[PDB]
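So the structure is just underneath, and the comments pick up after that.
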Amino acid sequence: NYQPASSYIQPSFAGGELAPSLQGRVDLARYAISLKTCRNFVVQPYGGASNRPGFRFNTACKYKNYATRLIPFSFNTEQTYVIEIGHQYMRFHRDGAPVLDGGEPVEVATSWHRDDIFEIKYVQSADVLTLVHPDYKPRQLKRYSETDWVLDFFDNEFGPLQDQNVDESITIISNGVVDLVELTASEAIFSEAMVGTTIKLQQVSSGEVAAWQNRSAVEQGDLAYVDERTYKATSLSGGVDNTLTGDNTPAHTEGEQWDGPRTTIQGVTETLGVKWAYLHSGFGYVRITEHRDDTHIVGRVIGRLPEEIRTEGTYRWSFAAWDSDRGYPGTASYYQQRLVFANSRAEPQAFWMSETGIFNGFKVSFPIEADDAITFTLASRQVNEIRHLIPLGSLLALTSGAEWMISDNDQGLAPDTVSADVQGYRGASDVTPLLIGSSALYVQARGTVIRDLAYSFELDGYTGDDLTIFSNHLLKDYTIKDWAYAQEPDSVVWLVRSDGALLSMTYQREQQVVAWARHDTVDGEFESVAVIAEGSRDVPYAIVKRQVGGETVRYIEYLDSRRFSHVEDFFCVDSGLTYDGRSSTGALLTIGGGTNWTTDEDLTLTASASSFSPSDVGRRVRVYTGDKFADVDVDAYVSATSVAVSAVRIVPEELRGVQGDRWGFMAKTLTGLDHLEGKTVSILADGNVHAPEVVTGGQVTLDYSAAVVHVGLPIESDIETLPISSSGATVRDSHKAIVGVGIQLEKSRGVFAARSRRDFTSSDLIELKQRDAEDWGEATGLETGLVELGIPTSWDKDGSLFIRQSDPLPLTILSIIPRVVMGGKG
Amino acid sequence: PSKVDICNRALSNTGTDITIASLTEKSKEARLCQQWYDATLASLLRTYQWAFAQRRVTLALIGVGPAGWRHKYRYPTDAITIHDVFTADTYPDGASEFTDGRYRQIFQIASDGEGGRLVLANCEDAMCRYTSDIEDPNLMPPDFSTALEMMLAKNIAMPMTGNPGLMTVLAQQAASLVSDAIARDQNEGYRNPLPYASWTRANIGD
Amino acid sequence: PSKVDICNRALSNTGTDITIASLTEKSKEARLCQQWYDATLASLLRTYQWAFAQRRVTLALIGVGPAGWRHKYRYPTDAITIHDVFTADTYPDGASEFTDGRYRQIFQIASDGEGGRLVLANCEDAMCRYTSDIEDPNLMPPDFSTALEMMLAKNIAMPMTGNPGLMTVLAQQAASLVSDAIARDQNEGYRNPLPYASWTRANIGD
Amino acid sequence: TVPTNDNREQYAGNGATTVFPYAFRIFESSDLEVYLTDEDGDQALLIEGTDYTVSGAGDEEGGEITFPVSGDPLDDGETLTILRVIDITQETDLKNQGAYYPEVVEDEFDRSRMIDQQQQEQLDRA
Amino acid sequence: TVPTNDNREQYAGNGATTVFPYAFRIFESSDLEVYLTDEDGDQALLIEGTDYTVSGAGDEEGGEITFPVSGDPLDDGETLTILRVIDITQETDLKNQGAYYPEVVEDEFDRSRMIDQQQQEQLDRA
Amino acid sequence: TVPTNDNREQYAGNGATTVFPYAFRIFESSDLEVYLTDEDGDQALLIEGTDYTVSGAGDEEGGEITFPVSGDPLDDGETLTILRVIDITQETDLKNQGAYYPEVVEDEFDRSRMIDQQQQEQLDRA
């Protein structure tokens, strides 16, 4: 016989978590490159798997039992912030710390109700942020200082209006012509919801208005018109009985231009020339300010009403589209130097685009100039209320029934040339779409499904494919709550399941990588997630519900960095703080009074610039140099710079005389943990795991000195692979037995492994043994490369491994070599 | 060569390079080493009557044995096999001069039901020679140490690798080393030449 | 040659080439050198009563031996095998001329329980001939050295390589080498012709 | 660890008791000198797996012993005693040091402390 | 490091004496046991801090004590006995990924060595 | 390591033995307290070098003493007593060894076991 053990290397984990229903598709590469359980282990494009770094505790926000949300905001590339929105308030954050102002956070009072904040849709343009909501007036947010912020309303000058009232019977009569004027209508049309708007009144015609015959005698006050423009004379050149009009037709839309050179014309013996002040060109908007009845409203006139409404009364009135009853914009975006607002409550399937350049106006002119305002209405089939505009290759509109594309055909954007086309019928939820490459990720309507969107030179139309096909179990009986895209360290999409569970993507379309990963935190739930710039690393910010002290608190969270050349710099605790003290700012130390001794030797320590005080006596100071370190106790104060220190171990020879690159004191009692009051927090001191101690009173005592301590909630991370099976003549039915495992860790320490039996318990885990040189006092170092570890074996039919790490250390699995021996069938 | 040394030798014989360095640490090798090297010792001691593992103790009388056997003796606690049963009268000091097996008494092994094994014999106040549960590894010779390690590797290979053919080849090896050690222990000792014929002795006394 | 030389050429004969001086204290080959070099040296000493590794010391009496052995002595801690037990009188100077081994006293290997191995005997003031744990590489003849090399390389092949064929070929070479070593060791040293027939010696003396 | 000094228990057969739970760690079940003195004072040693079964061994919190397997529960006069006589011999290797588990050093320190405890107990007698 | 090898200091009674330097290292104040043998015989273990005092544990130097704190008769034939006593325990826990520090392991051995010291000293009384 | 309980040897003399093997590990010749017992029943502590020589020390297999360096062989009726007594001390520092040497801690732990072992041997005599 002598059939040796066999190895079945799995190069990648890019498949991510594989749904239980998918476990019978061995004929696909996903089965070969996926994992059945990947808790707290973010895949990596390259196909690795690294335990998620811990969430650093920033602070609690307010209103423990109220809703909250985060959005990303920027002040150009000068700085980035994180707005926090709750019940009728607003705060700011940066660098995982509150925006301090007088020892208190900066708050901007808001009107949004707590339940409605999640439906807020936002955009950004340089130093201006815009928030819209169907039930709230839009409020543009602008920043004037880090300690001074202002949230103003959106002033829609000549705001969008419905089509003119073709109902001829109803008419409106205005008492005055300029300034404070009282209106009157022949029907009950006005409402007390129009308290502040911008209505429009256009003259029926120029009845009771004199024409503009070429050469005529006029009076000091006239009201003549030429074409759609009513001018008023203000002066005459010669005598009142000797002045005529002239040939220069009035063409100005403002001013008082003449129409004759105040002189004779051959032999007409008149003096010619007449002033012509411009007046109402047919219409004038009235900004309503008061309500009296359904037939009586009062407002101020922006320009000037023609006298026809004063005397005859016009019928061509256009009520403003946006008010407090028909609704407000439900979504917004920018496009071709125009602001686009959409989804009013009364008129959902419509978007209004401002004129080119004037982001806060919606004027429309009679000649229909190209750069006037825009108004469209997507109808097609089914309800198609617009929810998301995104410029990808054109303005795209994602609606509840379809995914429209808006386009200018091929000439230009104008009220006449603007068109709209359908790209499919799948819908989209209210969740803000995400932007990745030349593709747009958008939640499919009704949640539970994630669809991407991009162009396709197969159908000449923006279309996409499902991303939840391989991990539907993670989302099917759940609904997505939020999103984010931390493209820089790893193209990961963080989203929240409405259960409080956080899931991650590893989306990279160019390399066909879609990896899912279920995450979790101890005694906690996730609420909202957003990412900002944060230097050179996209740092997500999350709202985490917790049950600290029998109360449902809400903390601010942000995912730490995976950058650490030494294990002591790692961070794998949820809502954990750091007590690092590796200060090297002009304070470089050197131990003197002898070299390379064995404690009890009266060794001298010196500092470059003070950095020592008599109160610091009895406190232990570490001195670093490269990787090596040493510990010495302060015994006496010789000077503010020079002191005597007693070693605790032999100072390593390569750490003598030469000036240590960095140093720092060590603490034993740690405070400021009231936010984790009464938790079984885990500790990590200088790359060494410390016994858990329950936070009592907000202080944690350590069993030894420690330069760097990371303290917080423990993290449970699990990997468990698919059962061994193959196509054709399968081996799934065959009995299997795994005896050893080659893992190929890289920059990792502390891997546990076992067999994935049904009765699996934490007590049978076998953990790796790595301590070869590892000098006294030095923590166990990082390990990179293949390591072969054996496990207790059984003869189950699952044939699945199980890798767990419950302690705060780095773990990174690049592959798996399960030492497998085949058995027999049933 | 201690417990740990023997198990490390055996583990490095199967093919695995890792040294267990203990008997109680948490790993498959440690529990395997413990749970097996106990039984491998217990059995390989019984395979042959090794000279270095020979004891001599007076048996403890219980009472009248079953039919035909005049006594029943409590089988020694730390015993693995009984070879010779005798009394001081059947074994006077210096009797090893004569190779004759006159000091071989009618003895049989049997059980009782209440407790452990029994030694049945007729001579009263009889001593015994037996292979004992050896505990000190410094008592062992190299060849037997290698036999121990080889047998242990054969016994623990299958959970460690899952290769039955590897168990077969280790069994063949362990048989070779066991035979070599048995032959050498035979050669490590000279009793005397065999006695003369029965008729000659019954004529001219030894 | 030295121990460092022996493992150097042995690792050369396992398949590696780089020297142990380039392997430092921390190395799998280093631990294998230490462990199996010591164990295999002990076994190779024991397999044969090699001539170059003999010594004769006077035993130390412990007490009255067990039933039928007039004395029990202690096993020389620097001994792996006893060949002959004898007194000064039974082997006077010049008695090696007659190859007839009249110098062979009744003896046997046993143990006590309180100490180490024991050598049972009847003659009083008896010395022994034994094989010692040779440690100086200067001592062993080149055949023994090469056999030790082959044995060490064979015995650490599997942990180093996991290659069954390598161990097979190295075990074949080790068996051949040790057989050649025994043959050459026998061929060195001529004592004398065998003694005459027993009855002839009884009739015409010796 | 070994947080307590307790290493011996002395139980007296009440007549209807078979549960004799102890309160110290045990490395391996084979290491338990279960003594029984009869109703005279003589010392008798019983064999594990013939007249008792220990359970819960290996656990840090003591364990339990199911003396006796058969027969009546221990009566008065007779006494059952529990002793943790730890083997007094080093059996952990460290020189080769392939991978160096810290747990082995902690474990062997625990063995040393248990040896010292048992010793202390038998030293108190003389 | 425990090189002193001794764990006992003795004194007699003559009055006019309040200092007794001990020749060994300790760790905490409770390690010291002092008795009061009566003039004609007997023994009397004292109550440590309540009646006598210390001069700081540790120091690897062999500090002293102070007694009588009250009036100072040593009651003629009455004698003293300074003894180092530690509960026979081991509490240091080493985790597999935990920290190895020379001080804690050396402290553990030290503990073991002074337990050996107590065992030897109490044995020598036998 | 030390898997052997024995540390004491007893060699009745016969007037011919010049070698006295001992089967246990010792680090230094300062161990092996040898008491020559004459027929009269006395005990006399021998002196290393002056009267006997310690060879083969260090190996786990044990060693032997050549006795006497000057005089007739150990006469009939006399008796020596090999007794490996390792002194009560923790000499081996660990705070100041720099690089990790597993042999150092292994040897110290062996030494602790041997001291507890000789304590056991003395306790058996009680």
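Letters for chains follow the order of the structure tokens (A, B, ...), residue numbers begin at 1 for each chain, and ligand numbers begin at 1 in the order shown.
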
Go through chain A and flag each residue having an atom no more than 8 Å from chain F; for those, report the closest pair of atoms plus their distance in Å to one decimal, using only C-alpha atoms, ordered by chain and rising number, as JSON lines.
{"residue": "A:598", "atom": "CA", "partner": "F:96", "partner_atom": "CA", "distance": 5.4}
{"residue": "A:599", "atom": "CA", "partner": "F:96", "partner_atom": "CA", "distance": 7.6}
{"residue": "A:648", "atom": "CA", "partner": "F:95", "partner_atom": "CA", "distance": 7.3}
{"residue": "A:649", "atom": "CA", "partner": "F:95", "partner_atom": "CA", "distance": 5.6}
{"residue": "A:650", "atom": "CA", "partner": "F:96", "partner_atom": "CA", "distance": 5.3}
{"residue": "A:652", "atom": "CA", "partner": "F:98", "partner_atom": "CA", "distance": 7.0}
{"residue": "A:773", "atom": "CA", "partner": "F:100", "partner_atom": "CA", "distance": 6.7}
{"residue": "A:774", "atom": "CA", "partner": "F:100", "partner_atom": "CA", "distance": 7.2}
{"residue": "A:775", "atom": "CA", "partner": "F:99", "partner_atom": "CA", "distance": 5.4}
{"residue": "A:776", "atom": "CA", "partner": "F:100", "partner_atom": "CA", "distance": 6.0}

Could you write out the selected residues, including C-alpha atoms, as a PDB file, in the first residue's frame?
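Ended up saving to again13.pdb:
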ATOM      1  CA  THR A 598      23.231  43.362  34.518  1.00  0.00           C
ATOM      2  CA  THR A 599      21.093  45.676  36.683  1.00  0.00           C
ATOM      3  CA  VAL A 648      15.192  45.513  34.822  1.00  0.00           C
ATOM      4  CA  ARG A 649      16.986  43.285  32.274  1.00  0.00           C
ATOM      5  CA  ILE A 650      20.399  43.405  30.650  1.00  0.00           C
ATOM      6  CA  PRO A 652      21.104  44.608  24.843  1.00  0.00           C
ATOM      7  CA  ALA A 773      14.806  32.874  19.316  1.00  0.00           C
ATOM      8  CA  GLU A 774      12.411  35.432  20.814  1.00  0.00           C
ATOM      9  CA  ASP A 775      14.663  37.091  23.402  1.00  0.00           C
ATOM     10  CA  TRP A 776      13.546  37.386  27.028  1.00  0.00           C
TER      11      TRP A 776
END

Inset, instruction - Output the contact residues of chain D with respect to chain F at a cut-off of 7 Å, based on only C-alpha atoms, as an MDAnalysis selection string. - result: chainID D and resid 88:91 93:95 123 126

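Overlay of chain B onto chain C (least squares, all Cα atoms, paired in order); RMSD 1.1 Å.
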
Legend entry - Interface list for chain C, partner chain B, 7 Å threshold, only C-alpha atoms, as number ranges by chain: C: 42-43, 67-70, 80-83, 106-112, 116-117, 122, 158-159, 162

Legend entry - Distance-based interface of chain C with chain A, 12 Å, counting only C-alpha atoms, as JSON, numbers by chain: {"C": [25, 26, 27, 28, 162, 163, 164]}

Legend entry - Those of region 29-119 of chain D in DSSP helix (DSSP H, G or I), formatted as JSON, numbers by chain: {"D": [102, 103, 104, 105, 106, 107, 108, 109, 110, 111, 112, 113, 114, 115, 116, 117, 118, 119]}

Give me a file of those residues, with N, CA, C and O atoms, as a tab-separated table (two decimals), in the first residue's frame.
chain	number	residue	atom	x	y	z
D	102	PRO	N	4.96	28.14	25.86
D	102	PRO	CA	4.99	28.64	27.25
D	102	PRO	C	4.20	27.77	28.22
D	102	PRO	O	4.54	27.63	29.41
D	103	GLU	N	3.10	27.21	27.71
D	103	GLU	CA	2.21	26.42	28.56
D	103	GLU	C	2.94	25.26	29.21
D	103	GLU	O	2.57	24.85	30.31
D	104	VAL	N	3.97	24.71	28.56
D	104	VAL	CA	4.69	23.60	29.16
D	104	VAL	C	5.46	24.07	30.39
D	104	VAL	O	5.53	23.36	31.40
D	105	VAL	N	6.02	25.28	30.34
D	105	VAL	CA	6.73	25.80	31.50
D	105	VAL	C	5.75	26.09	32.63
D	105	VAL	O	6.02	25.76	33.80
D	106	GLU	N	4.60	26.68	32.31
D	106	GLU	CA	3.59	26.90	33.35
D	106	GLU	C	3.14	25.57	33.95
D	106	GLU	O	3.00	25.44	35.17
D	107	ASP	N	2.92	24.57	33.10
D	107	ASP	CA	2.46	23.26	33.53
D	107	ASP	C	3.47	22.60	34.46
D	107	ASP	O	3.10	22.02	35.49
D	108	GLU	N	4.75	22.70	34.12
D	108	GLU	CA	5.76	22.01	34.91
D	108	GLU	C	6.02	22.76	36.22
D	108	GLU	O	6.33	22.15	37.25
D	109	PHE	N	5.87	24.09	36.20
D	109	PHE	CA	5.84	24.85	37.45
D	109	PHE	C	4.70	24.38	38.35
D	109	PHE	O	4.87	24.24	39.57
D	110	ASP	N	3.52	24.15	37.76
D	110	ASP	CA	2.40	23.64	38.52
D	110	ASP	C	2.73	22.28	39.13
D	110	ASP	O	2.39	22.00	40.28
D	111	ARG	N	3.39	21.42	38.35
D	111	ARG	CA	3.81	20.12	38.87
D	111	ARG	C	4.77	20.28	40.05
D	111	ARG	O	4.67	19.55	41.04
D	112	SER	N	5.70	21.23	39.95
D	112	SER	CA	6.62	21.46	41.06
D	112	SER	C	5.88	21.90	42.31
D	112	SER	O	6.16	21.42	43.42
D	113	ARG	N	4.93	22.82	42.16
D	113	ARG	CA	4.17	23.28	43.33
D	113	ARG	C	3.35	22.14	43.93
D	113	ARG	O	3.23	22.04	45.16
D	114	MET	N	2.80	21.28	43.09
D	114	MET	CA	2.03	20.14	43.61
D	114	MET	C	2.93	19.16	44.34
D	114	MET	O	2.55	18.59	45.37
D	115	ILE	N	4.14	18.94	43.81
D	115	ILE	CA	5.12	18.09	44.50
D	115	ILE	C	5.43	18.68	45.87
D	115	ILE	O	5.51	17.96	46.87
D	116	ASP	N	5.62	20.00	45.93
D	116	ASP	CA	5.90	20.64	47.20
D	116	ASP	C	4.73	20.50	48.16
D	116	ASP	O	4.93	20.30	49.36
D	117	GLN	N	3.51	20.60	47.63
D	117	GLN	CA	2.29	20.45	48.48
D	117	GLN	C	2.27	19.04	49.08
D	117	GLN	O	2.28	18.93	50.32
D	118	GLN	N	2.25	18.02	48.23
D	118	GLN	CA	2.24	16.61	48.71
D	118	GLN	C	3.35	16.44	49.76
D	118	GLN	O	3.03	15.96	50.87
D	119	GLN	N	4.58	16.82	49.42
D	119	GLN	CA	5.71	16.72	50.38
D	119	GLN	C	5.29	17.35	51.71
D	119	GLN	O	5.31	16.64	52.73

Check which residues of chain F sit at most 8 Å from chain C using only C-alpha atoms, and return one row each with the closest pair of atoms and their distance in Å to one decimal, ordered by chain and rising number, as a tab-separated table.
residue	atom	partner	partner_atom	distance
F:6	CA	C:115	CA	6.1
F:9	CA	C:115	CA	7.3
F:10	CA	C:62	CA	6.4
F:11	CA	C:62	CA	4.6
F:12	CA	C:62	CA	5.3
F:13	CA	C:61	CA	6.3
F:14	CA	C:125	CA	6.9
F:15	CA	C:125	CA	8.0
F:16	CA	C:125	CA	6.2
F:17	CA	C:60	CA	5.3
F:18	CA	C:58	CA	6.9
F:19	CA	C:60	CA	6.8
F:20	CA	C:60	CA	6.2
F:21	CA	C:77	CA	5.9
F:22	CA	C:77	CA	7.0
F:23	CA	C:116	CA	6.1
F:61	CA	C:77	CA	6.5
F:62	CA	C:77	CA	6.1
F:63	CA	C:77	CA	6.0
F:64	CA	C:77	CA	7.3

For those residues, write C-alpha atoms to a file as a PDB file, in the first residue's frame.
ATOM      1  CA  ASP F   6      17.283   7.219  42.987  1.00  0.00           C
ATOM      2  CA  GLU F   9      24.074   4.372  46.367  1.00  0.00           C
ATOM      3  CA  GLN F  10      25.333   1.789  48.895  1.00  0.00           C
ATOM      4  CA  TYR F  11      28.435  -0.281  48.044  1.00  0.00           C
ATOM      5  CA  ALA F  12      29.548  -2.886  50.575  1.00  0.00           C
ATOM      6  CA  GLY F  13      33.307  -3.245  50.356  1.00  0.00           C
ATOM      7  CA  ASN F  14      35.298  -6.350  49.525  1.00  0.00           C
ATOM      8  CA  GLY F  15      38.943  -5.237  49.343  1.00  0.00           C
ATOM      9  CA  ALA F  16      39.141  -5.148  45.536  1.00  0.00           C
ATOM     10  CA  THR F  17      36.813  -2.406  44.232  1.00  0.00           C
ATOM     11  CA  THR F  18      38.593   0.773  43.147  1.00  0.00           C
ATOM     12  CA  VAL F  19      35.604   2.123  41.172  1.00  0.00           C
ATOM     13  CA  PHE F  20      32.145   3.090  42.437  1.00  0.00           C
ATOM     14  CA  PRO F  21      29.586   3.891  39.732  1.00  0.00           C
ATOM     15  CA  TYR F  22      26.618   6.130  40.516  1.00  0.00           C
ATOM     16  CA  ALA F  23      23.546   6.226  38.265  1.00  0.00           C
ATOM     17  CA  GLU F  61      23.825   8.290  32.492  1.00  0.00           C
ATOM     18  CA  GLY F  62      25.693   8.912  35.754  1.00  0.00           C
ATOM     19  CA  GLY F  63      29.318   8.546  36.722  1.00  0.00           C
ATOM     20  CA  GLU F  64      31.768   6.922  39.131  1.00  0.00           C
TER      21      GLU F  64
END

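Note that the spacing between CA of residue 248 (chain A) and CA of residue 367 (chain A) amounts to 21.8 Å.
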
Legend entry - Non-local contacts of residue 46 (chain D) (8 Å; only C-alpha atoms; under 5 positions in same chain excluded) as a PyMOL selection string: chain D and resi 34-36+51

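Taking only C-alpha atoms, the non-local environment of residue 135 (chain A) within 9 Å (same-chain residues fewer than 4 positions away omitted) comprises residues 116, 324, 325, 327, 328, 329, 330, 344 and 345 of chain A.
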
Inset, instruction - Pick out each residue of region 7-98 of chain E that DSSP on the backbone tags as strand (DSSP E or B); I need them as a list in words. - result: residues 8, 9, 10, 11, 19, 32, 33, 34, 35, 36, 37, 38, 41, 45, 66, 79, 80, 81, 82, 83, 84 and 90 of chain E

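Separating CA of residue 31 (chain E) from CA of residue 72 (chain E) is a distance of 23.9 Å.
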
Legend entry - Selection: 10 Å around residue 28 (chain E), only C-alpha atoms, excl. self and same-chain fewer than 5 positions, as a PyMOL selection string: chain E and resi 56-58+86
